[PDB]
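Chains as they are written, first to last, in the working numbering: chain Y, 5 to 75; chain W, 5 to 75. Note that the Cβ used here is the ideal one computed from N, Cα and C, for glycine as well.
Number of protein chains: 2
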Amino acid sequence: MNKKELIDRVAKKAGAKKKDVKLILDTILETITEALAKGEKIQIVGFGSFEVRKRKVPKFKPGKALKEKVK
Amino acid sequence: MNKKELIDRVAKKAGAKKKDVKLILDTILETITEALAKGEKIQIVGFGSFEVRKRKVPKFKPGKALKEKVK
Numbered sequence: 005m006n007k008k009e010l011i012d013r014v015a016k017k018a019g020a021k022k023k024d025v026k027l028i029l030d031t032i033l034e035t036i037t038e039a040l041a042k043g044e045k046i047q048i049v050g051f052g053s054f055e056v057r058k059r060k061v062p063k064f065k066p067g068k069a070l071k072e073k074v075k
Numbered sequence: 005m006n007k008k009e010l011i012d013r014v015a016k017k018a019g020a021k022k023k024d025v026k027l028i029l030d031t032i033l034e035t036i037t038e039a040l041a042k043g044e045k046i047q048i049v050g051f052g053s054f055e056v057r058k059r060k061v062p063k064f065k066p067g068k069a070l071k072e073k074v075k
């Protein structure tokens, strides 16, 4: 699945216009990126956490629920 | 940053109602989770890719742009 297909599937499921899903997804991605650039952690209950680690690289730690859904 | 703060910051930046950001974010997360559970890859240009690897665990590979934004 690419970003376009993600936007399309979400727009269908949520009953939202594609342009609005694109805006909101893009804003989510920008917000997460900006927070990582500032060295912050982004923890999303039920999904996982994004954080920068040591040079510095972004890392994703899947949460318990997600780890169980795929294993 | 937690999920609530993420929703709030995105809602402000996008000029969207919090309830709509919550719906769309939650639907994005569900869609990514469901795709991972089916063994699919979710590749988002300019951010990164989500995929399941070998037992099985979810993994995130940051893209070039993100790797550069934080390093």
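Do Y:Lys7 and Y:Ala15 have their beta-carbon atoms positioned less than 8 Å apart in this structure? Counted from its first residue, the first sequence places residue 15 of chain Y at position 11. Counted from its first residue, the first sequence places residue 7 of chain Y at position 3. The answer is no: Cβ separation not under 8 Å.
Extent of the continuous beta strand (DSSP E) to which W:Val56 belongs: Reading the second sequence from its first residue, position 52 is the one you call residue 56 of chain W. DSSP places W:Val56 in the uninterrupted beta strand (DSSP E) bounded by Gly52 to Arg57.
The alpha helix (DSSP H) enclosing W:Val61, as first and last residue numbers: Your numbering for residue 61 of chain W matches position 57 in the second sequence. First-last for W:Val61: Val61 to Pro66, but that is the beta strand (DSSP E), not the alpha helix (DSSP H).
Using a Cβ-Cβ distance cut-off of 8 Å, determine whether W:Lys73 contacts chain Y. The residue labelled residue 73 of chain W in the question sits at position 69 within the second sequence. Yes - at least one Cβ of chain Y is within 8 Å of the one on W:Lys73.
Beta-carbon separation of W:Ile46 and Y:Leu70 under 8 Å? In the second sequence, counting from the first residue as 1, residue 46 of chain W sits at position 42. In the first sequence, counting from the first residue as 1, residue 70 of chain Y sits at position 66. Remark: C-beta atoms of W:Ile46 and Y:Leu70 do not approach each other more closely than 8 Å.
Beta-carbon within less than 7 Å of Y:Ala41's beta-carbon, same chain only, minus the 5 sequence neighbours each way: which residues are those? Translated into the one-based positions of the first sequence, residue 41 of chain Y becomes position 37. By the criterion of a C-beta distance shorter than 7 Å, Y:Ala41 is surrounded by no residue of its chain, once the five residues flanking it on both sides are discounted.
Would W:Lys7 count as contacting chain Y if we go by Cβ distances under 8 Å? Locating residue 7 of chain W in the second sequence gives position 3, where the first residue counts as 1. Yes, its Cβ sits closer than 8 Å to a Cβ of chain Y.
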